[PDB]
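Chains as they are written, first to last, in the deposited numbering: chain B, 1 to 474; chain A, 1 to 474. Cβ atoms here follow ideal geometry from the backbone N, Cα and C, with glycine treated the same way.
2 protein chains.
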Amino acid sequence: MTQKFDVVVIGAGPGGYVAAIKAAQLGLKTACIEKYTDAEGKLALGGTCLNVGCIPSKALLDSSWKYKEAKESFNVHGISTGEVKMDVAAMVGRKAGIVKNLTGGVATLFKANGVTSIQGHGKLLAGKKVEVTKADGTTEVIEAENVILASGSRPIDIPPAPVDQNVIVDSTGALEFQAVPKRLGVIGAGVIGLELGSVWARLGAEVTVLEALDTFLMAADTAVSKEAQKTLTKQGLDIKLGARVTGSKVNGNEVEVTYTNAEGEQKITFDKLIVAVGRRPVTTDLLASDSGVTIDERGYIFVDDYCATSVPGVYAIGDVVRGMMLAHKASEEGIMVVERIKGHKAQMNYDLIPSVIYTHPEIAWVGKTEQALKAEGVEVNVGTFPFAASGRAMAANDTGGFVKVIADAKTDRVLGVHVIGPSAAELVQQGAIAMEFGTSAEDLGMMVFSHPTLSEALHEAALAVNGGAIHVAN
Amino acid sequence: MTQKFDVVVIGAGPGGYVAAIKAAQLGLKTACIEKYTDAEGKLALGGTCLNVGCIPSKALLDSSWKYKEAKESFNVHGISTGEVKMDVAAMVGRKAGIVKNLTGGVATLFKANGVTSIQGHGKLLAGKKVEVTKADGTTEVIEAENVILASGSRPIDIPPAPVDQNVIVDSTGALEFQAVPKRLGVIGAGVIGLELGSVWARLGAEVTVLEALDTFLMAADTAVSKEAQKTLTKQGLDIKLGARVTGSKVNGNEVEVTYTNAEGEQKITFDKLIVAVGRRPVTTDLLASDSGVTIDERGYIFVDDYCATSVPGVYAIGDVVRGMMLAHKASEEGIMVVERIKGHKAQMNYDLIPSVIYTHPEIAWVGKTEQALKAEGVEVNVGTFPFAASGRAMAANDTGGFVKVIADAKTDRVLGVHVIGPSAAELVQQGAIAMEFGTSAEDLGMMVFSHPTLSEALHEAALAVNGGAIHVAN
Ligand SMILES: Cc1cc2nc3c(=O)[nH]c(=O)nc-3n(C[C@H](O)[C@H](O)[C@H](O)COP(=O)(O)OP(=O)(O)OC[C@H]3O[C@@H](n4cnc5c(N)ncnc54)[C@H](O)[C@@H]3O)c2cc1C
Ligand SMILES: Cc1cc2nc3c(=O)[nH]c(=O)nc-3n(C[C@H](O)[C@H](O)[C@H](O)COP(=O)(O)OP(=O)(O)OC[C@H]3O[C@@H](n4cnc5c(N)ncnc54)[C@H](O)[C@@H]3O)c2cc1C
């Protein structure tokens, strides 16, 4: 009595669970396999994003920001408090409650949509056959007409500082500290390192970020990255570029890190060290030798522009394949794939995928950067508006940053929108929507924007493109 | 000899100052007359919006919210404080600084754009001639080829409770209290009353809102207004509908208000009473008897759909004319008018002017309401998404409210977007931009939205229109 499904999804992350639900919505008998469990051995959907990634980081970022603001920015509004203290265990407990509630909601969506969730390790055998390994080493083989490989990724482990889930930890561990470490070191100045570094810095940690690369957020706009580094150094993140870690020595509750930069070989001791150099795609026991699915030199599963593998009916989405390792990317690929299975001539749009960094000020952008377009030989018009001139921002006592719009000098078509400041993610989305309809700098500048709102910064930025802004001289 | 200008603008509010700057940008020798002065008799640009309206209210709203959150919502994040106290004088002092900074900036924009600002009372004589009355009763006449009347509005004064800038105050006075009134009464449950009522309620006042009308925000969507009333009553605003004020008696530092509702005649005593039933258009000494500009039964200056009066070359914009009394409305009318003067084929679109109520949760919308479209005989498709399911919102500890999208059942064209919750104004602007390009519910549902962000609620709402949402059952 072999079980049979129309679609089998291996993995329950932003790519996997969305796909499963979407397949069920289209009448496909879907099953979603997942090995990840909560702290009591029970199934936990939502992947990295929900369990040890996106949500958790945002929870601690919001709580840690409310503490920093209460200590320094409350006086200005006339608000006094006594001493302001943070109980880390309770901060982390609030986060756990949020995660537990959200994971339970995905399970609710699965039941309501009719998705059969299976708890175990899934492996793709030959002939779209899937082997599920139960907790007690028992094996069951299930039949699938379509398979969606969505195993995501894991953190990179570096030889000089191997993680030991105690003094040296990865992103997952850095979300579990039960006390603020006096001295915190972070390897990797990327999005993850900066968010995790910001949290503990706000709570009193002496944070040092050792980045081996000579650049800082090179993917972002030169102006946005120059501002982020300046603002983040003020917040207590001692960001050191061109610093390569060569070794570490754990001693009791301390670790002495050894690195090399332009000046020579230095040493620094931390109470806790977070390794966050990047993430590698996961395919551990995911494929049988004769499954027919090819892996690439860097660990990613080969797929075409539609996330289809060599094998008919076998697709691979999210972090385990090429592209930006973002949750919304994975999700959209999941939807694109399911529609393709149902026969739609679907293809998602990779050109307008925004990126968001949840530091404070928030950073986000969509489209091309100014420096990438100078190298591409495109003459552009640049308009910017600082939040220092936004009335809404002044009311909120959060005036740092700006909005930058980039248009083509000949057509006036908006080629990119970049923001660093309050509600940056929302302003960038407004830009993305406009660009989707192929907006010009003029088109946005002619629209009616609410007053007073943070959205106006995008409006003044668009007008400033062609030197027609009202709230900043041209 | 006699001074000559291409454009003369009477009034320096959101309609007036924007128009002046915009006229200067297009090479028109512009002059802007303004009688309003700061507390030291010196010119103060920005009108009601900047001096005693928009900006000031937002400042106190943001500060008062930070106090409420610190008292009740901090323990959840693990943050403990001593006693939390608000120094009202400092709260109001921060606001004054913001206003002073912004008013100075408009003056800076005028100088930089080459606008001649004149400090005095302007009056439109016959033949596009403008009479300026200086502080010492001296009179000067200036010549104009075009005149833009932008005298705005003032608060309604009611006979049963005449304002005395002490116990009984209007919006302007309610922004100047130097102590939290123990018992605060508010006449009018409109946008202004709710924002002013919310501020002092959060600071410990016992607030009662007497609304004569049987409805509550009837201009908003039925769902948005039903939710706002529920949430605002929980926050301490005792909103009483069908309660008409018949008289008041001031006695020392108290006022006994007398009203009539369905139950009979009641009495209640307040320490401070804010009159906020609405606003009337201002035309005091604005027109000479033979200027040729017609006034309406309710005080508004007659204009066509392009803000042009009967007199050639005489335009009237903002609150002094028909339409929603909003700053961004006035501004856009100012721009529309200036472009028409320069000969451009300009024409406003009044259907896509969003409205924003800055209470917490924030309320905003653009386009038509569900109830207005049922009466209009338009078959619609409705999609909604609650913030209780937004991961970003849970992280922020602010889950109340929802996003509601309305599309035409045949074309799928988005006819309206309504929001009550976090970043409501920004999500609605995203909708406005989409509608400007004539979006369908499907168009938005197919875009890539960042995760996790509040913008996703607009995304799930758009998908839910045609029953394709992922995070809420269909
Ligand atoms: C601290 C942190 C913060 C982040 N913040 C953001 C953010 O703000 N925004 C953003 O867009 N991205 C963020 N990311 C990245 C985001 O987590 C990933 O892009 C996203 O989770 C990828 O989704 P996925 O479903 O492809 O893989 P995952 O979410 O990793 O899901 C893969 C799942 O597959 C399971 N699995 C793997 N192999 C098997 C098997 N053989 N059998 C059964 N199950 C298997 C795993 O247990 C896992 O649960 C963050 C990451 C981290 C670490
Ligand atoms: C408490 C409060 C909060 C508000 N909040 C908001 C909000 O959040 N968002 C929003 O969109 N709107 C808000 N409004 C409404 C908004 O303030 C007005 O719609 C806005 O000011 C636009 O008005 P205007 O430019 O047409 O004229 P106004 O801004 O009213 O200014 C007109 C100017 O003309 C001057 N004037 C009149 N006659 C003469 C004359 N003869 N000579 C010289 N000068 C003259 C006046 O002194 C005044 O400065 C709020 C109002 C109040 C009271």
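Cutting at 8 Å between CB atoms, please list the residues of its own chain near residue i, excluding the five before and the five after it.
i	result
residue 283 of chain A	151, 295, 299, 301 and 320
residue 25 of chain A	113
residue 89 of chain A	178
residue 222 of chain A	369, 370 and 371
Report the residue from the options whose alpha carbon sits nearest the alpha carbon of residue i.
i	options	result
residue 46 of chain A	A:20, A:62, A:70 and A:29	A:20
residue 165 of chain B	B:159, B:174 and B:158	B:174
residue 311 of chain A	A:126, A:367, A:61 and A:187	A:126
residue 325 of chain B	B:278, B:365 and B:349	B:278
residue 331 of chain A	A:4, A:253, A:10 and A:17	A:17
residue 40 of chain A	A:53, A:5, A:92 and A:100	A:100
residue 402 of chain A	A:393, A:334 and A:215	A:393
residue 198 of chain B	B:134, B:212 and B:274	B:274
residue 446 of chain B	B:432, B:465 and B:452	B:465
residue 241 of chain A	A:187, A:438 and A:58	A:187
residue 28 of chain A	A:63, A:48 and A:4	A:4
residue 194 of chain B	B:303, B:58 and B:153	B:58
residue 354 of chain B	B:204, B:153 and B:435	B:435
residue 356 of chain B	B:339, B:428, B:345 and B:318	B:428
residue 395 of chain B	A:263, A:107 and A:66	A:66
residue 391 of chain A	B:350, B:62, B:448 and B:196	B:62
residue 76 of chain B	A:318, A:96, A:444 and A:400	A:96
residue 219 of chain A	A:37, A:432, A:366 and A:474	A:366
residue 448 of chain B	A:276, A:405, A:351 and A:448	A:351
Applying the criterion that 16 or more other CB atoms from any shown protein chain within 10 Å of the CB defines a buried residue, is residue i buried or exposed?
i	result
residue 14 of chain A	buried
residue 347 of chain B	exposed
residue 253 of chain B	exposed
residue 1 of chain A	exposed
residue 418 of chain A	buried
residue 379 of chain B	exposed
residue 469 of chain B	buried
residue 289 of chain A	exposed
residue 135 of chain A	exposed
residue 452 of chain A	buried
residue 266 of chain B	exposed
residue 155 of chain A	buried
residue 141 of chain A	exposed
residue 426 of chain B	buried
residue 359 of chain B	buried
residue 532 of chain A	Nothing about residue 532 of chain A can be reported from this structure: the residues present for chain A run from 1 to 474 only.
residue 51 of chain A	buried
residue 344 of chain B	exposed
Considering only residues of the same chain and omitting the five flanking positions on each side of residue i, which have a CB-CB separation below 6 Å?
i	result
residue 243 of chain A	210, 259 and 261
residue 146 of chain B	7, 313 and 341
residue 272 of chain B	181 and 184
residue 308 of chain B	315
residue 322 of chain A	300
residue 398 of chain A	422
residue 121 of chain A	35 and 133
Considering only residues of the same chain and omitting the five flanking positions on each side of residue i, which have a CB-CB separation below 7 Å?
i	result
residue 217 of chain A	225 and 228
residue 236 of chain A	201 and 207
Residues of the stretch 64-78 of chain A with Cβ closer than 9 Å to any Cβ of chain B, in chain order: 64, 66, 67, 69, 70, 73, 74, 75, 76, 77 and 78
Residues of the stretch 434-454 of chain B with Cβ closer than 8 Å to any Cβ of chain A, in chain order: 434, 436, 437, 439, 443, 444, 447, 448, 449, 450, 451, 452, 453 and 454
Residues from the stretch 333-363 of chain A in contact with chain B, defined by Cβ distance under 7 Å: 352, 353, 354 and 356
Residues of the stretch 15-49 of chain B with Cβ closer than 8 Å to any Cβ of chain A, in chain order: Hits within the stretch, in order: 18, 21, 22, 25 and 49.
Interface positions of the stretch 76-96 of chain B facing chain A (Cβ-Cβ less than 9 Å), listed along the chain: 76, 77, 78, 79, 80, 81, 82, 83, 84, 85, 86, 87, 88, 89, 90, 91, 92, 93, 94 and 95
Members of the stretch 417-430 of chain B that neighbour chain A once the beta carbon cut-off is set at 8 Å: From the stretch 417-430 of chain B, only 423, 425, 426, 427, 428, 429 and 430 have a Cβ closer than 8 Å to chain A.
Near-chain B residues of the stretch 304-325 of chain A (beta-carbon distance less than 7 Å), N- to C-terminal order: none
Residues in the stretch 390-407 of chain B having any Cβ partner in chain A nearer than 8 Å: 391, 392, 394, 395, 396 and 397
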